[PDB]
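Let me begin by presenting the structure, written as structure tokens, before commenting on it.
For neighbour counting, all protein chains shown are included, and Cβ atoms are generated from backbone atoms with ideal geometry for every residue, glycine included. No value in this document is a laboratory result; all are computed from the given coordinates.
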Amino acid sequence: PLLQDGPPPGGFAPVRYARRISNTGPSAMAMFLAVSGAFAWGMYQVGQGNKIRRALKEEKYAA
Amino acid sequence: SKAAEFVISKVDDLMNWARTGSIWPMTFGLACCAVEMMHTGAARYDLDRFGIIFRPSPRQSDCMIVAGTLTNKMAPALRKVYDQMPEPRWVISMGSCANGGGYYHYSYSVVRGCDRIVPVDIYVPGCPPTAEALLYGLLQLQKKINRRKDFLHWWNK
Amino acid sequence: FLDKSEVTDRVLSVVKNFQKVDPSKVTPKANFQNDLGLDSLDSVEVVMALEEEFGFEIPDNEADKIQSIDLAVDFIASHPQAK
Amino acid sequence: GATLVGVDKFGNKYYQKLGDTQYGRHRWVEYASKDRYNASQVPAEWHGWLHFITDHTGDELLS
Amino acid sequence: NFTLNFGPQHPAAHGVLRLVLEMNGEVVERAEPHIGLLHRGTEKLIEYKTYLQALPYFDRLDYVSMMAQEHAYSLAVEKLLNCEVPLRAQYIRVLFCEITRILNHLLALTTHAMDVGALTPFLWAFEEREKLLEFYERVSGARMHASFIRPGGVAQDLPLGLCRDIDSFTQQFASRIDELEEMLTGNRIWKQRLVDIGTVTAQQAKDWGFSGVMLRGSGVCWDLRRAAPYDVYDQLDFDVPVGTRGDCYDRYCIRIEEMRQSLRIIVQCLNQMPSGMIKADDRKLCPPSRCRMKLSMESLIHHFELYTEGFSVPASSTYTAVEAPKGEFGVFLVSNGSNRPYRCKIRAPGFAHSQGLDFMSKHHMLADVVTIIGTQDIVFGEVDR
Amino acid sequence: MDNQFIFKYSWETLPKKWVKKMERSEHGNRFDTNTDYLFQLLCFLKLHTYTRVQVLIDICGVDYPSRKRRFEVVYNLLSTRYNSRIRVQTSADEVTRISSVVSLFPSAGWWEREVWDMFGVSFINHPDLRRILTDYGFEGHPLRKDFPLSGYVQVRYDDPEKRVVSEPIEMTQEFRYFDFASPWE
Amino acid sequence: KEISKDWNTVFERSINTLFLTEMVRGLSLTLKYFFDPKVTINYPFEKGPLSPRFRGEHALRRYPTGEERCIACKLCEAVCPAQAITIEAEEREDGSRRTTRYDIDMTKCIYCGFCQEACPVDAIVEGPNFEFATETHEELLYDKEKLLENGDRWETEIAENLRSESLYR
Amino acid sequence: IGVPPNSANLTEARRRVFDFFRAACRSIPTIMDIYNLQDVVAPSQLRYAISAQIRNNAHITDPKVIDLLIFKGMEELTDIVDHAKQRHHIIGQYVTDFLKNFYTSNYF
Amino acid sequence: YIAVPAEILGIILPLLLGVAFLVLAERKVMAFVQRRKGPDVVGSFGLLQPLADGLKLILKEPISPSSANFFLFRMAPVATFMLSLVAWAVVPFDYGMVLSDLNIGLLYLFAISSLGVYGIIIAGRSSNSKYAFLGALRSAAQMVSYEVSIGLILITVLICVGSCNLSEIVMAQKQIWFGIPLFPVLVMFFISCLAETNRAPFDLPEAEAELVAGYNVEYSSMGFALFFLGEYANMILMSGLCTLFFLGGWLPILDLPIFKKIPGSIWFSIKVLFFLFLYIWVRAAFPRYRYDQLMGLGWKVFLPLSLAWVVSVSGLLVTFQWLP
Ligand SMILES: CCCCCCCCCCCCCCCCCCCC(=O)O[C@H](COC(=O)CCCCCCCCCCCCCC)COP(=O)(O)OCCN
Ligand SMILES: CCCCCCCCCCCC(=O)SCCNC(=O)CCNC(=O)[C@H](O)C(C)(C)COP(=O)(O)O
Ligand code: SF4
Ligand code: SF4
Ligand code: SF4
């Protein structure tokens, strides 16, 4: 009917098929450092909290 | 006994609601109709919305969906699996091959309908039926379950 | 081994159920396919019955060697498994 | 409700929402009845519009 | 050793699969599949129906690649009839063959993942698969069993708005493939459930007739649309992926790459599609237009004589083979010279793949059998004709 | 290699007594050999350097109920290295046994079993030759021209014995055969 | 000998295989789709898209005057691959060639459209209805009155579908 | 193992007949205790049934026909040995007139 | 002393309904991850769906021949269910929101968890099948194997707090959760709880047990459902254990004295439901894990590593005199 379906003038837009990689998230030693520093600081905080709890328990016993 | 009749009516309505809101069909798809019935359970025409979840075993399944051609070698297995099912035990015959012959209907090794092996309650025709067609068939089955005054029949008998 | 009496009884009693034999024809020496007028299928059937009443079997090479009562019952009486 | 498009002789009313680039929630039905509604009440004129077969509303299809 | 049997009813084993296998307690020693549960009897039925009435049997053989079998049957009929096909028909046939390839690869990958245990990619792949099933539902009636490809050209012309929608889909299909691949290739469980499973050597695959992905997985660069290009494939440029060591994982990577190559080919066909007629002007195997059968006497006569009697293929016998998504799908027609085929044997690729399960599942564990079943993409419509 | 090159070389290289009938065309190179030389011809085509036919596509079968050798088994072959396709076919009979080729191509076992299932052509020294497609207890070979399309037996469920049973066929509507064949053809 | 023996890269690989970087990256992808809009449609109120070429319910059209289009030409019965259509005809006292029994076994039917495209008068069509779901088998044996009822019911839409795609084929 | 090639003479055909009958007998107890039937049928009468079935085709002369019949016999026997045949199929399968035909139907 | 049974029922009944709604949450969350809706038709948002499921299960014929001694098959669900409940008698919800106040209450939890192995074993054995029993035995071996990793991680936690009492463990986390320093230990404990309930990628033992058999055994209608209820109760329990030990049991997460209106009873519940959501997320984000590599993983990447974590925590605390 002289109105066949087809691409528009100039063709269609170019497409990608080459598996783009986002590469999201922390990389290399970032996670290791963030975990080791957290572990050390948390252990220091735990020691301080245990000292506070020991003081509380010893004052309870002194009562 | 008119005073209790309300109680029997409410009990029957509750039982039918319980049996309709939770149907666990058992997938017996064995031909190209299984692909359409699999699209029905997919993201678009969600069956899980209507409380319909497929079961891998017949010992814990409400109804059975026969989707695909039923050959002579498979009919004994179909009957055996249908036998190991609980009391309600509804059967839906999805697709043209399952609900009477099919495109073949003239073969040494085709059973002309799954209704010659198991009693079928709802016939869903199409080759293959659309996911909307299967949903409409399941809704028709739900409507059929509503017409069950099983407690009233026990009372009257 | 086995005594001749029991083996002779067991080979001359089971032979009476072949829908053609006669009591006056069965004897320790009455050839199957000649004296009894037995068929080859009936002959393998008789040697089959000889190996059906007990768990032993006669191998393929020993099947058609002797289709007569005498040496067959001698074999029966020389079978260690039989009792 | 972005837009209400026509009504039916059975009483079920027809709505329409226009998306931007992705399909979903374009046009649906509000059935007049409630006794399980049989899932099949749309007439022939409105059946094509509902299934995106034709762009005609259905009231226009009657004329 | 005990010999238990399969036959699960959930679609893990694709249904209608009976597997009697002997194990050594934990390790399987020999698996003997029992096919025939889906032997409808198509081969006997084809002989009783006209060359046109027999076309929809080919939709029902491999029901994930419906237009791939129709392609083979149409090519066989054309080769027997010596009928030329216009360029537009060839281009649209290639486009829909590539769409079938995409559909079949998606379904195979996600049923294999469902067998392994991954559930999410299945639903994503089906919400993708609907967008091509509706393309099928647009050019012809049915979504799955579309008798669109006729022996002459195609059934009827493409709708006006189909090309724009296909291009719009192909714009994002690559990103969708990447999203699906993100959860499987990099995942460590996927590697350990596939690496060193079902290894087949190239010589052994050749011996067992493993044409298809199972052949290219073993390092053989054998593609039927490169070795024997049938429709317009020389014009289209695409790469043939080849595995390094074929064991349930290079096959998966090859299927990913073939999906991407099918996307590339679809884009090329969309860009390069010409305008013109879709059915051959021979008019012995093609029906006249509905406006011509009601105006012209000869056109009505031809319509009447081909919609009842059909075209009569001259007496000969040919074997044609096309690169179906499963593998080498071959149709062997023997023509009596009348309007009905004398014999139509169908070479299903799944037959040899299911035959080769016995050696592939040698000295493996039980959990390494469902992955073998999934990795070869067997459907029992074609296996049991 | 070129189709005519296979024609010329194979016809010249092959022993003359093996090939009874041979054909060259665009449809495909055909070698119609005797029923007893089939194994040797296949072995030669599998191992020869120029003609390295390594994969067997399928084993077909055609029933001609008008000749002394009623059946005709067709061996479709493919040479992956040289990109050629050769076809070897022989003639069979209801009672004549034809040598198997499972030793050469192990994939041919299922095709030979299905040929026996459909046409009833036995194969010599074939390991585990039995019906593969038709059901258990099937009588007759369906793909013969004699076998009726609807078959001889039906399947149904009988209530007196809780099992699925078989009866002689009773069609609700007979298969209407439409005779469209016309003269001037 | 596949080797990755380098001081820096061994640390980089031994961390990815120890802190589940691949698992975390494949895990955060699902959470992206957790908050995304869904793709499902409530079926009873919203229907999925269709096409003017859809193959559904069989219908027997009739002329706007009121005379049925079927002229018992029996092309549909001859072309039907499934052999589902049975036709009986006789000449009415008006002399017109018409059908008396035109029944389609919708359980044998394969919905291929061969019957629809074989009519020289567009007598039979496949309407857009796909919601049969009958509870009885013999209700699926349409018998030339169900066909005419379907034709009357869907005429206002079958005519639109036919006139929309009449430019094709 | 594999299928035997053929039989040139009738002596080999008779030998194969005897071998098939013997094998069918050595397989008679396993089919007795695999279908769970002990008192319904004694093993003796199955021997007579097999003998009658074999003697039915006594008029065959072609050795090839004999060979193919024997092959079908082994196929049926092997099918019965496996738990594949339907239940009690074997027992059902292996167990003037003019006026009688006239009163029923025209086709006798 | 007659007040106890009221507390017992108040602990039991909400647990059962929470198990039902946790099944509903599983279905709904897996639906949403896969771009779906899940059960929506029944009720308002699917909230009545578990009720319909229960009434449907009750209104069915019970297949109960049991083909056996009639006793051991009906006691396995009872044993597993009573164990999975009695494990809840020591959880310190907020402060006095605890039923029993065991001065150990942690070795008690370890013992109760370890005793929850006989139920599935005798279920498999009583169920006369040649593969169901074997699969149950493999599942039992898996739970037994991951019990040692669970115990070593419990020792790691117990070193820091210094006392076995569960309430004191949360009391000791005023400064920090124990999850910040022991984040690898938290991941290990989550994975071990995930693999010890067959509710994970660590699932294949039972998955193949139904694939090759179809559960063609004496399958009671809802007597079997007690296994499922006990497994989901164990899910909830081991979800709450992680927020007792590594997260603050009831303490505010990151809070200034401004959001003090809310009580500590919901600070616990929010973390519990977060861990349950993580359970569902992990299930619908990863493929299943083979039993061949299941045992090897559970024995060769968790026991040595958890032992090393025990050693490192003990050595670091001793060196700087940071003990309780
Ligand atoms: C924010 C609150 C969140 C609360 C929840 C916590 C987070 C949970 C997230 C879970 C998400 C993933 C769940 C997947 C479950 C299955 C994954 C198991 C896979 C696995 O076990 O891999 C192993 C490593 O895992 C492991 O090793 C894991 C243990 C981690 C070890 C510690 C890593 C860093 C150590 C640095 C210490 C720093 C301190 C030093 C002072 C080895 O995998 P493979 O099989 O390939 O190995 C080859 C040997 N055959
Ligand atoms: C449970 C049972 C399992 C197996 C069931 C199988 C039932 C059918 C068995 C196979 C049926 C056949 O036709 S297969 C075997 C067919 N073979 C023959 O019919 C040989 C032709 N007959 C002769 O050669 C001689 O007359 C002979 C009668 C042998 C001796 O008589 P003489 O020596 O005087 O000559
Ligand atoms: S109805 Fe159609 S799609 Fe369904 S099984 Fe039969 S032939 Fe296949
Ligand atoms: S093709 Fe159309 S006009 Fe002809 S008999 Fe069939 S329905 Fe009637
Ligand atoms: S759609 Fe096809 S099978 Fe159905 S009646 Fe029409 S021609 Fe026959």
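Under the condition of being over 16 Å from G:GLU22 (Cα atoms) and at the interface with another protein chain (Cβ under 7 Å from one of its Cβ atoms), the residues counted in the range I:279-290 number 1.
Listed here are the residues, each with its yes/no results for (1) more than 14 Å from chain F (Cβ to nearest Cβ); (2) among the charged types (D, E, K, R); (3) surrounded by fewer than 19 Cβ atoms within 10 Å (Cβ to Cβ); (4) not in a helix (DSSP H, G or I).
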{"position": "E:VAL154", "(1), (2), (3), (4)": "yes, no, no, yes"}
{"position": "E:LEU180", "(1), (2), (3), (4)": "yes, no, no, no"}
{"position": "E:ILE197", "(1), (2), (3), (4)": "yes, no, no, yes"}
{"position": "E:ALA205", "(1), (2), (3), (4)": "no, no, no, no"}
{"position": "E:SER218", "(1), (2), (3), (4)": "no, no, no, yes"}
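When the range C:30-56 is limited to residues that are away from chain H (no Cβ under 14 Å), of a type outside the set (A, V, I, L, M, F, W, C) and more than 11 Å from the chain's Cα centre (by Cα), the one that is surrounded by the most Cβ atoms within 10 Å (Cβ to Cβ) turns out to be C:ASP35. Can you say whether F:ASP146 is within 15 Å of E:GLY36 (Cα to Cα), in contact with a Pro (Cβ under 9 Å, 6 or more places away or on another chain) and either within 12 Å of chain B (Cβ to nearest Cβ) or among the charged types (D, E, K, R) (or both), as far as the supplied structure shows? Considered against the rule, which asks whether it is within 15 Å of E:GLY36 (Cα to Cα), in contact with a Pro (Cβ under 9 Å, 6 or more places away or on another chain) and either within 12 Å of chain B (Cβ to nearest Cβ) or among the charged types (D, E, K, R) (or both), F:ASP146 comes out as no.
Give the residue that is nearest to ligand 1 (Cβ to nearest atom), with candidates limited to residues of the range H:53-67 that are closer than 15 Å to H:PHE21 by Cβ and surrounded by fewer than 11 Cβ atoms within 10 Å (Cβ to Cβ). The selected residue is H:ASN56.
Matching residues to (1) closer than 30 Å to E:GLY186 by Cα; (2) surrounded by 13 or more Cβ atoms within 10 Å (Cβ to Cβ); (3) within 14 Å of chain I (Cβ to nearest Cβ):
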| position | (1), (2), (3) |
| --- | --- |
| A:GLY11 | no, no, no |
| A:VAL15 | yes, yes, no |
| A:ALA30 | yes, no, no |
| A:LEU56 | no, no, yes |
| A:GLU59 | no, no, no |
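Exactly one residue out of G:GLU160, G:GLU155, G:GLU131 is within 14 Å of chain B (Cβ to nearest Cβ) and either exposed (fewer than 15 other Cβ atoms within 10 Å of the Cβ) or within 28 Å of G:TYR43 (Cα to Cα) (or both): that is G:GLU131. Could you tell me whether the range G:101-108 includes any residue that is closer than 30 Å to E:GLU127 by Cβ, within 16 Å of ligand 3 (Cβ to nearest atom) and basic (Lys, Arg)? No: the range G:101-108 contains no residue that is closer than 30 Å to E:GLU127 by Cβ, within 16 Å of ligand 3 (Cβ to nearest atom) and basic (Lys, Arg).
Given the criteria within 23 Å of H:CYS25 (Cβ to Cβ), away from chain F (no Cβ under 14 Å), over 13 Å from the mean Cα position of the chain (by Cα) and assigned to a helix (DSSP H, G or I), does H:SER51 qualify? Give the steps one after another, and end with the answer.
Numbers: within 23 Å of H:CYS25 (Cβ to Cβ): yes; away from chain F (no Cβ under 14 Å): yes; over 13 Å from the mean Cα position of the chain (by Cα): no; assigned to a helix (DSSP H, G or I): yes.
Spelling it out, it is not the case that H:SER51 is within 23 Å of H:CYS25 (Cβ to Cβ), away from chain F (no Cβ under 14 Å), over 13 Å from the mean Cα position of the chain (by Cα) and assigned to a helix (DSSP H, G or I).
When the range I:23-47 is filtered for residues that are surrounded by 20 or more Cβ atoms within 10 Å (Cβ to Cβ) and over 23 Å from B:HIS39 (Cα atoms), nothing remains.
Of all residues in the range I:186-205, how many are touching a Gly at 6+ places or on another chain (Cβ under 6 Å) and either within 11 Å of chain B (Cβ to nearest Cβ) or surrounded by fewer than 22 Cβ atoms within 10 Å (Cβ to Cβ) (or both)? Number satisfying all stated conditions: 1.
Scanning for something more than 11 Å from the chain's Cα centre (by Cα), within 14 Å of chain F (Cβ to nearest Cβ) and more than 16 Å from ligand 1 (Cβ to nearest atom), does the range B:132-140 turn up at least one residue? Scanning the range B:132-140 turns up no residue that is more than 11 Å from the chain's Cα centre (by Cα), within 14 Å of chain F (Cβ to nearest Cβ) and more than 16 Å from ligand 1 (Cβ to nearest atom). Go through D:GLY24, D:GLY1, D:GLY19 for me and flag whichever is in contact with a strand residue (DSSP E or B) (Cβ under 7 Å, 6 or more places away or on another chain), loosely packed, with under 14 Cβ neighbours inside 10 Å and assigned to a loop (DSSP other than H, G, I, E, B). Criteria check complete, one pass: D:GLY1. Please verify whether the range B:118-127 includes one or more residues that are within 14 Å of chain F (Cβ to nearest Cβ), within 11 Å of the chain's Cα centre (by Cα), surrounded by fewer than 24 Cβ atoms within 10 Å (Cβ to Cβ) and closer than 27 Å to G:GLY48 by Cβ. Yes, the range B:118-127 contains at least one residue that is within 14 Å of chain F (Cβ to nearest Cβ), within 11 Å of the chain's Cα centre (by Cα), surrounded by fewer than 24 Cβ atoms within 10 Å (Cβ to Cβ) and closer than 27 Å to G:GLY48 by Cβ. For the subset of the range G:33-68 comprising residues that are crowded, with 16+ Cβ neighbours inside 10 Å and more than 9 Å from every other protein chain (Cβ to nearest Cβ), which member is nearest to ligand 5 (Cβ to nearest atom)? Only one residue fits best here, namely G:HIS58. Check the range G:92-101 and report whether any residue there is closer than 24 Å to B:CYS97 by Cβ, away from ligand 2 (no atom under 16 Å from the Cβ), in contact with a strand residue (DSSP E or B) (Cβ under 8 Å, 6 or more places away or on another chain) and of a type in the set (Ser, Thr, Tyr). No. When you look at F:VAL53, is it more than 14 Å from chain H (Cβ to nearest Cβ), surrounded by 20 or more Cβ atoms within 10 Å (Cβ to Cβ), aliphatic (A, V, I, L, M) and not in a loop (DSSP other than H, G, I, E, B), yes or no? Criteria not met by F:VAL53.
Name the single residue, out of those in the range B:32-55 being small (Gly, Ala, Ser) and touching a helix residue (DSSP H, G or I) at 6+ places or on another chain (Cβ under 6 Å), that is farthest from D:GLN22 (Cα to Cα). Let's see the steps before the verdict.
First pass over the range B:32-55, keeping only residues small (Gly, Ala, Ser): B:34, B:41-43, B:51.
Subsequent filtering for residues that are touching a helix residue (DSSP H, G or I) at 6+ places or on another chain (Cβ under 6 Å) retains B:42-43, B:51.
Values: B:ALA42: 18, B:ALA43: 15, B:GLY51: 27 Å.
Only one residue tops the list, namely B:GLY51.
Answer yes or no as to whether E:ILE149 is over 20 Å from the mean Cα position of the chain (by Cα) and either at the interface with chain G (Cβ under 10 Å from one of its Cβ atoms) or crowded, with 17+ Cβ neighbours inside 10 Å (or both). Walk me through it before giving the result.
Values: over 20 Å from the mean Cα position of the chain (by Cα): no; either at the interface with chain G (Cβ under 10 Å from one of its Cβ atoms) or crowded, with 17+ Cβ neighbours inside 10 Å (or both): yes.
Spelling it out, it is not the case that E:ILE149 is over 20 Å from the mean Cα position of the chain (by Cα) and either at the interface with chain G (Cβ under 10 Å from one of its Cβ atoms) or crowded, with 17+ Cβ neighbours inside 10 Å (or both).
Just wondering, is there one or more residues in the range B:37-54 that are more than 14 Å from chain F (Cβ to nearest Cβ) and either within 30 Å of F:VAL153 (Cβ to Cβ) or within 16 Å of ligand 2 (Cβ to nearest atom) (or both)? Scanning the range B:37-54 turns up no residue that is more than 14 Å from chain F (Cβ to nearest Cβ) and either within 30 Å of F:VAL153 (Cβ to Cβ) or within 16 Å of ligand 2 (Cβ to nearest atom) (or both). Residue count for the range E:334-385, restricted to those that are facing another protein chain (nearest Cβ under 10 Å), over 30 Å from F:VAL62 (Cβ atoms) and touching a helix residue (DSSP H, G or I) at 6+ places or on another chain (Cβ under 7 Å): 5.
On the stretch given as the range A:27-55, residues that are of a type in the set (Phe, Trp, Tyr) and more than 23 Å from the chain's Cα centre (by Cα) total 1.
As for the range E:301-318, it holds at least one residue that is assigned to a loop (DSSP other than H, G, I, E, B), surrounded by fewer than 19 Cβ atoms within 10 Å (Cβ to Cβ) and in contact with a strand residue (DSSP E or B) (Cβ under 6 Å, 6 or more places away or on another chain). Taking residues in the range I:171-184 that are on the phi > 0 side of the Ramachandran plot, and partners anywhere that are within 10 Å of ligand 1 (Cβ to nearest atom), the pairs with Cβ atoms closer than 7 Å and at least 6 places apart or on different chains are I:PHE178/I:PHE246.
Being more than 10 Å from every other protein chain (Cβ to nearest Cβ) and within 16 Å of ligand 5 (Cβ to nearest atom) holds for only one residue in G:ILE124, G:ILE110, G:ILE71, and it is G:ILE124.
From the list B:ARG79, B:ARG89, the lone residue that is more than 16 Å from ligand 2 (Cβ to nearest atom), among the basic types (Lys, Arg) and more than 23 Å from H:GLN86 (Cα to Cα) is B:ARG89.
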